[PDB]
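One structure is given here, and the rest of the page talks about it.
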Amino acid sequence: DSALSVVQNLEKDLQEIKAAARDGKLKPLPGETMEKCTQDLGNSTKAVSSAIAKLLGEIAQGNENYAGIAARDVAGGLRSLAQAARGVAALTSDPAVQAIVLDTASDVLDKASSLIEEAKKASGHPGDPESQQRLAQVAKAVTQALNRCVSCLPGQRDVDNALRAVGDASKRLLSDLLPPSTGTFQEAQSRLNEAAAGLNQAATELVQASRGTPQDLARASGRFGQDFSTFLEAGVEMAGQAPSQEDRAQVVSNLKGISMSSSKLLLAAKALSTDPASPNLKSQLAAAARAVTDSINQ
Amino acid sequence: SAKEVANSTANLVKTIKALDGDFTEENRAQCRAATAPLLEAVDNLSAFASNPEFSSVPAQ
Amino acid sequence: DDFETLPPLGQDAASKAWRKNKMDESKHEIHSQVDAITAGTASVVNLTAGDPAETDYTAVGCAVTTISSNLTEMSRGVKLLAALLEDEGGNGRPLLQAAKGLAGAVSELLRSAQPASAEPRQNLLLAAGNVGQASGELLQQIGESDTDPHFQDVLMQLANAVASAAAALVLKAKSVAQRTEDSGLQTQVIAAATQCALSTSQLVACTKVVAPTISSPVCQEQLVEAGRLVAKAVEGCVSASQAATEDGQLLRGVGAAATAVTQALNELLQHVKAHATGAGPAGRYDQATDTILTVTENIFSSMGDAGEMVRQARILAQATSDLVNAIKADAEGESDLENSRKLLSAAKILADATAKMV
């Protein structure tokens with residue numbers, strides 16, 4: 001119940017932030033800084049998400065004081081989210097940016113209030129799967145709102161949007177697509193090897209700019225994305241010319257594996273654009289690059 | 001979390017024991033309807049893995 | 001002396017929220033550590049009470065070190081506080097001069113610290129009293145201290161009674177020593193009187209110092225060894241009384257010393273519960289309620305041994321009935337019968353609970 005009351009307190013803080021947006025001004029706290037704000041937002045996203053997971057688990061057990069414990073937990077996580085969003089508002093200059101932060105945060109937290117009362121019901125009433133499924137779907141919704149929140153930064157958004165675009169191009173390219181200009185196996189496959197070389201090369205500069213600056217990371221990732229686009233279409237022309245249908249399916253499988261490789265790749269790339277510090281996940285990025293190279297090699 | 005994974009894993013076990021040799025899309029629907037709950041269990045796993053303050057103690 | 005920088009504070013609501021948050025923080029820690037300063041000073045008095053050639057200056061230096069550490073931390077946090085009080089109203093200067101006097105008194109006690117300073121110790125005591133005072137002005141210059149003045153004052157007067165009774169006991173000891181036939185033993189008595197007057201004096205000074213700074217358990221500890229010191233002086237007078245030969249007036253000195261013992265005990269406890277106090281006054285039935293608790297945790301402690309639950313339930317329902325009938329009396333005093341009947345139902349449910357307990 002207090003966690004509820006708290007979502008209302010967060011809404012009042014969001015209203016104070018909305019008034020600051022009308023004033024067109026929000027002085028950052030002496031401590032808060034934009035990069036630390038990035039760290040704040042990302043860590044808080046992870047934290048609140050895991051806290052929601054605790055909510056799911058406790059309700060799966062159902063009827064537990066620990067449920068209210070994790071309720072307070074998600075509440076505090078939202079409070080931290082509020083700190084992060086407040087800072088990012090207090091530092092940006094684009095009006096639409098702070099509008100977005102207000103909006104995303106508000107949606108997260110109102111959906112969260114829905115979660116609060118729904119889990120209150122869950123606590124009151126035992127024995128109904130439908131409550132569990134409802135909880136599941138609302139948690140998914142709040143997670144999507146979270147993804148919006150993180151994606152609020154523009155430079156992040158396009159390149160992950162580029163990621164989605166290339167994945168979708170592969171997916172439309174996946175429904176048994178067959179291109180007309182079959183061409184010849186030889187020059188096509190050789191250029192395909194060149195493109196793969198360029199792709200994991202691009203990954204190497206991606207990690208280079210992971211030692212560097214974010215905007216450069218973004219543009220390099222975009223170059224990577226379009227390169228992989230040409231690469232995937234080269235794969236589909238391979239399929240179009242393929243003598244064998246099983247050979248065709250194998251090439252398609254390789255290409256889709258490369259697709260998911262690059263997917264996890266740029267996922268890590270953004271998860272690091274989160275923070276110029278955390279070296280763990282930078283090594284994880286290196287691992288992702290290795291896996292992408294593995295798909296290339298196969 | 002691990003227990004829900006184990007139960008969904010048993011559901012998998014029946015999916016294997018049933019899908020074997022039938023080629024009946026009813027068994028295939030059964031298998032995917034069992035993998036989905038394991039999929040959300042995986043999701044819970046991933047979220048837990050994402051526990052930031054409970055993730056790393058980097059050196060200096 | 002210089003004021004803080006004033007980085008921007010912003011019209012933002014959460015801005016001033018954080019600002020007053022830091023205000024209250026700073027206030028609290030400043031409070032804590034000035035209490036700590038006083039603790040150091042008191043320890044100083046304790047150790048300086050010793051004769052040289054067995055003085056372990058180590059603790060003295062440690063004290064003065066914490067004093068320095070704070071005084072710096074004073075500077076920092078208090079200037080923060082002053083900057084924000086300038087933000088609203090702008091009157092940090094009284095606090096400035098308070099802390100100035102604080103540090104000056106500190107330095108004067110250091111001037112008392114050097115054996116090179118061959119000044120007799122009572123001047124050191126005067127300076128320490130100046131410390132305790134300056135602390136007092138500081139503490140009410142921020143106003144956080146002085147939850148209530150009454151216990152502070154009571155301890156004051158009690159200790160002063162201790163000093164007067166000690167002087168009288170000194171008078172009696174001098175008389176009985178002049179009665180003593182031996183030469184040299186009554187000189188031991190004289191030494192006992194001298195060190196006793198000492199014990200009294202540093203007791204006085206310790207009181208002066210601690211009174212603004214009761215909150216710190218460390219001050220209470222300093223006080224308890226102060227009482228220990230003056231108690232050792234009490235047995236010194238006991239020995240001085242032993243020096244005499246079969247008289248009633250040595251017994252008079254003994255009675256005076258016994259009263260000194262008692263009064264020491266009394267100030268000890270008055271201070272103990274002055275620190276060990278509830279913020280508000282004596283509420284209704286508190287002791288009754290508190291005992292209720294005691295029993296409750298006795299029981300929640302105890303599962304499996306009715307061999308106690310019987311006892312604790314018995315005393316439980318006992319005090320329960322007591323509360324209940326006093327509830328009845330107050331309800332009688334109550335005019336708006338709604339309150340009376342509410343009390344009645346509450347007490348009836350209490351009786352219900354006691355029954356099911358039985």
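Lettering and numbering for the structure tokens are positional, with chains as A, B, ... in the shown order, residues counted from 1 in each chain, and ligands counted from 1 in the shown order.
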
Worksheet entry | Test item: residues at most 12 Å from residue 192 (chain A), only C-alpha atoms, excluding those fewer than 3 positions along its chain, as a list in words | residues 185, 186, 187, 188, 189, 195, 196, 197, 198, 199, 227, 228, 229, 230, 231, 232, 233, 234, 235, 236, 237, 238, 251, 255, 296 and 297 of chain A

Item to complete: With a cut-off of 10 Å and counting only C-alpha atoms, select all residues of chain C in contact with chain A and give the selection as a ChimeraX atom specification.
Response: /C:7-15,18-19

Worksheet entry | Contacts of region 56-60 of chain B within 9 Å, only C-alpha atoms, excl. fewer than 6 positions in-chain, as a list in words | residues 278, 279 and 280 of chain A

Those selected residues, please, written with C-alpha atoms and delivered as a short mmCIF file (atom, residue, chain, number, x, y, z; two decimals), in the first residue's frame.
data_model
loop_
_atom_site.label_atom_id
_atom_site.label_comp_id
_atom_site.auth_asym_id
_atom_site.auth_seq_id
_atom_site.Cartn_x
_atom_site.Cartn_y
_atom_site.Cartn_z
CA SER A 278 31.82 -1.15 -17.03
CA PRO A 279 34.53 -3.37 -18.48
CA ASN A 280 32.72 -6.60 -17.74
#

Worksheet item: Taking into account only C-alpha atoms, which residue in the set B:35, B:30, B:7, B:46 is nearest to chain A?
Response: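 Among the listed residues, B:46 lies closest to chain A.
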
Item to complete: Write down, as number ranges by chain, each residue of chain A that has any atom within 7 Å of an atom of chain B, counting only C-alpha atoms.
Response: A: 43, 46-47, 49-50, 53, 57

Practice prompt. Just list the residues in chain B DSSP gives alpha helix (DSSP H) on the backbone, as a PyMOL selection string.
Written response: chain B and resi 2-19+25-49

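Around region 84-96 of chain C, within 10 Å and counting only C-alpha atoms, the residues found are residues 1, 2, 3, 4, 6, 9, 16, 19, 20, 22, 23, 75, 78, 79, 101, 102, 137, 138, 139, 140, 141 and 142 of chain C, once anything fewer than 5 positions away on its own chain is removed.
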
Restricting the output to N, CA, C and O atoms, write the selected residues as an mmCIF file, in the first residue's frame.
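Below you can see selection_36.cif, which holds the result:
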data_model
loop_
_atom_site.group_PDB
_atom_site.id
_atom_site.type_symbol
_atom_site.label_atom_id
_atom_site.label_comp_id
_atom_site.auth_asym_id
_atom_site.auth_seq_id
_atom_site.Cartn_x
_atom_site.Cartn_y
_atom_site.Cartn_z
ATOM 1 N N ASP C 1 36.477 31.573 8.880
ATOM 2 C CA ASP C 1 36.258 33.001 8.703
ATOM 3 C C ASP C 1 35.675 33.317 7.331
ATOM 4 O O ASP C 1 34.714 34.086 7.223
ATOM 5 N N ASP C 2 36.225 32.730 6.274
ATOM 6 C CA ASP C 2 35.614 32.893 4.964
ATOM 7 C C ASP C 2 34.319 32.102 4.915
ATOM 8 O O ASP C 2 34.157 31.115 5.632
ATOM 9 N N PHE C 3 33.365 32.584 4.125
ATOM 10 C CA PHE C 3 32.144 31.829 3.881
ATOM 11 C C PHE C 3 32.370 30.787 2.787
ATOM 12 O O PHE C 3 33.298 30.892 1.981
ATOM 13 N N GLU C 4 31.504 29.774 2.761
ATOM 14 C CA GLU C 4 31.514 28.807 1.670
ATOM 15 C C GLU C 4 31.296 29.470 0.323
ATOM 16 O O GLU C 4 30.790 30.589 0.229
ATOM 17 N N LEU C 6 28.849 29.331 -2.874
ATOM 18 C CA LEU C 6 27.421 29.086 -2.974
ATOM 19 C C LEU C 6 27.168 28.654 -4.411
ATOM 20 O O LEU C 6 26.823 29.480 -5.268
ATOM 21 N N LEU C 9 21.463 26.863 -6.307
ATOM 22 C CA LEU C 9 20.544 25.998 -5.581
ATOM 23 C C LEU C 9 19.232 25.761 -6.305
ATOM 24 O O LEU C 9 18.529 24.805 -5.979
ATOM 25 N N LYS C 16 15.595 22.378 -3.136
ATOM 26 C CA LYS C 16 15.558 22.763 -1.733
ATOM 27 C C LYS C 16 15.283 21.570 -0.837
ATOM 28 O O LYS C 16 15.704 21.558 0.326
ATOM 29 N N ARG C 19 18.494 20.227 -0.281
ATOM 30 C CA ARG C 19 19.262 21.234 0.437
ATOM 31 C C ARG C 19 19.019 21.134 1.935
ATOM 32 O O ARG C 19 19.961 21.028 2.727
ATOM 33 N N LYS C 20 17.753 21.143 2.339
ATOM 34 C CA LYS C 20 17.448 21.009 3.755
ATOM 35 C C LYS C 20 17.800 19.622 4.264
ATOM 36 O O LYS C 20 18.090 19.455 5.455
ATOM 37 N N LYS C 22 20.589 18.036 3.420
ATOM 38 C CA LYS C 22 21.981 18.241 3.789
ATOM 39 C C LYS C 22 22.089 19.110 5.027
ATOM 40 O O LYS C 22 22.978 18.909 5.859
ATOM 41 N N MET C 23 21.198 20.089 5.155
ATOM 42 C CA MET C 23 21.168 20.911 6.357
ATOM 43 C C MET C 23 21.029 20.065 7.606
ATOM 44 O O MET C 23 21.832 20.169 8.540
ATOM 45 N N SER C 75 34.289 23.403 10.682
ATOM 46 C CA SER C 75 34.457 24.436 9.675
ATOM 47 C C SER C 75 33.622 24.097 8.461
ATOM 48 O O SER C 75 32.698 24.830 8.093
ATOM 49 N N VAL C 78 29.510 23.381 9.274
ATOM 50 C CA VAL C 78 28.886 24.578 9.808
ATOM 51 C C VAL C 78 28.859 25.668 8.754
ATOM 52 O O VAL C 78 27.891 26.425 8.664
ATOM 53 N N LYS C 79 29.903 25.770 7.928
ATOM 54 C CA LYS C 79 29.868 26.766 6.869
ATOM 55 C C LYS C 79 28.825 26.416 5.827
ATOM 56 O O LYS C 79 28.208 27.305 5.236
ATOM 57 N N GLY C 101 34.779 30.957 19.212
ATOM 58 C CA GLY C 101 35.044 30.762 20.621
ATOM 59 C C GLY C 101 35.353 29.317 20.935
ATOM 60 O O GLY C 101 36.197 29.021 21.779
ATOM 61 N N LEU C 102 34.675 28.398 20.253
ATOM 62 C CA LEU C 102 34.977 26.986 20.421
ATOM 63 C C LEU C 102 36.450 26.733 20.192
ATOM 64 O O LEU C 102 37.164 26.250 21.075
ATOM 65 N N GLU C 137 26.680 27.538 23.980
ATOM 66 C CA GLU C 137 26.230 28.564 23.042
ATOM 67 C C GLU C 137 26.181 28.029 21.622
ATOM 68 O O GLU C 137 25.256 28.351 20.877
ATOM 69 N N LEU C 138 27.156 27.214 21.225
ATOM 70 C CA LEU C 138 27.083 26.608 19.901
ATOM 71 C C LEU C 138 25.807 25.800 19.744
ATOM 72 O O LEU C 138 25.083 25.923 18.748
ATOM 73 N N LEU C 139 25.521 24.968 20.735
ATOM 74 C CA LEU C 139 24.470 23.976 20.614
ATOM 75 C C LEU C 139 23.099 24.619 20.565
ATOM 76 O O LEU C 139 22.199 24.115 19.885
ATOM 77 N N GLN C 140 22.917 25.719 21.278
ATOM 78 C CA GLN C 140 21.663 26.437 21.130
ATOM 79 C C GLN C 140 21.733 27.516 20.065
ATOM 80 O O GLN C 140 20.709 28.132 19.752
ATOM 81 N N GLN C 141 22.912 27.748 19.500
ATOM 82 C CA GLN C 141 23.031 28.594 18.325
ATOM 83 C C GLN C 141 22.581 27.842 17.085
ATOM 84 O O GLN C 141 22.089 28.442 16.125
ATOM 85 N N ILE C 142 22.753 26.521 17.090
ATOM 86 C CA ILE C 142 22.047 25.683 16.131
ATOM 87 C C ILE C 142 20.732 25.201 16.705
ATOM 88 O O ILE C 142 19.852 24.769 15.953
#

Item to complete: Find the residues around residue 223 (chain A) up to 12 Å (only C-alpha atoms counted), leave out those fewer than 5 positions away in its own chain, and share them as a ChimeraX atom specification.
Response: /A:158-159,162-163,166,195,198-203,205-206,216-218,228-230

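Nearest to residue 177 (chain A) of all the residues A:41, A:123, A:7, A:249 is A:249, counting only C-alpha atoms.
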
Worksheet entry | Point-to-point distance from CA of residue 129 (chain C) to CA of residue 235 (chain C), Å rounded to tenths |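 Separation between CA of residue 129 (chain C) and CA of residue 235 (chain C): 26.7 Å.
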
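Picture a line from CA of residue 172 (chain A) to CA of residue 193 (chain A); it runs 22.7 Å.
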
Discussion item. Report as a VMD selection string all protein, DNA and RNA residues lying within 7 Å of region 236-253 of chain C, evaluated on only C-alpha atoms, omitting residues in the same chain fewer than 5 positions from it.
Written reply: chain C and resid 169 172 to 173 176 to 177 180 185 to 186 188 to 189 192 to 193

Take the residues from that selection and write them out as a JSON list (two decimals), in the first residue's frame, keeping N, CA, C and O atoms.
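This went into result.json:
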[["chain", "number", "residue", "atom", "x", "y", "z"],
["C", 169, "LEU", "N", 33.32, 17.73, 54.41],
["C", 169, "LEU", "CA", 34.04, 16.53, 54.80],
["C", 169, "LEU", "C", 35.52, 16.83, 54.94],
["C", 169, "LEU", "O", 36.19, 16.27, 55.82],
["C", 172, "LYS", "N", 35.90, 18.34, 58.34],
["C", 172, "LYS", "CA", 35.90, 17.31, 59.36],
["C", 172, "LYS", "C", 37.21, 16.55, 59.38],
["C", 172, "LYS", "O", 37.74, 16.22, 60.45],
["C", 173, "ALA", "N", 37.75, 16.25, 58.20],
["C", 173, "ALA", "CA", 39.01, 15.54, 58.12],
["C", 173, "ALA", "C", 40.14, 16.36, 58.71],
["C", 173, "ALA", "O", 41.01, 15.83, 59.40],
["C", 176, "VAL", "N", 39.75, 16.15, 62.54],
["C", 176, "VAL", "CA", 40.16, 14.88, 63.12],
["C", 176, "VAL", "C", 41.66, 14.67, 62.94],
["C", 176, "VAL", "O", 42.30, 14.03, 63.78],
["C", 177, "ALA", "N", 42.24, 15.20, 61.87],
["C", 177, "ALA", "CA", 43.69, 15.13, 61.69],
["C", 177, "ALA", "C", 44.40, 15.94, 62.76],
["C", 177, "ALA", "O", 45.39, 15.49, 63.34],
["C", 180, "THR", "N", 44.68, 13.88, 65.61],
["C", 180, "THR", "CA", 45.57, 12.72, 65.59],
["C", 180, "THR", "C", 46.89, 13.01, 66.31],
["C", 180, "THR", "O", 47.49, 14.07, 66.14],
["C", 185, "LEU", "N", 51.21, 10.67, 59.64],
["C", 185, "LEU", "CA", 49.97, 10.04, 59.22],
["C", 185, "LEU", "C", 48.92, 11.09, 58.86],
["C", 185, "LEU", "O", 48.25, 10.99, 57.82],
["C", 186, "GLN", "N", 48.76, 12.10, 59.72],
["C", 186, "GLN", "CA", 47.86, 13.19, 59.38],
["C", 186, "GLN", "C", 48.32, 13.94, 58.15],
["C", 186, "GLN", "O", 47.50, 14.57, 57.48],
["C", 188, "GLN", "N", 49.40, 12.26, 55.56],
["C", 188, "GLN", "CA", 48.70, 11.45, 54.58],
["C", 188, "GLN", "C", 47.26, 11.90, 54.46],
["C", 188, "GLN", "O", 46.70, 11.97, 53.37],
["C", 189, "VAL", "N", 46.64, 12.20, 55.60],
["C", 189, "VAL", "CA", 45.29, 12.76, 55.59],
["C", 189, "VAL", "C", 45.26, 14.05, 54.79],
["C", 189, "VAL", "O", 44.32, 14.31, 54.03],
["C", 192, "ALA", "N", 45.29, 13.33, 51.25],
["C", 192, "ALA", "CA", 43.97, 12.85, 50.86],
["C", 192, "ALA", "C", 43.02, 14.01, 50.65],
["C", 192, "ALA", "O", 42.26, 14.04, 49.68],
["C", 193, "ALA", "N", 43.05, 14.98, 51.55],
["C", 193, "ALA", "CA", 42.19, 16.14, 51.40],
["C", 193, "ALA", "C", 42.53, 16.91, 50.14],
["C", 193, "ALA", "O", 41.63, 17.37, 49.42]]

Discussion item. Excluding region 260-266 of chain C and its own-chain neighbours fewer than 4 positions away, which residues fall within 7 Å of it when counting only C-alpha atoms? Please give them as a PyMOL selection string.
Written reply: chain C and resi 162+165-166+227+256+270
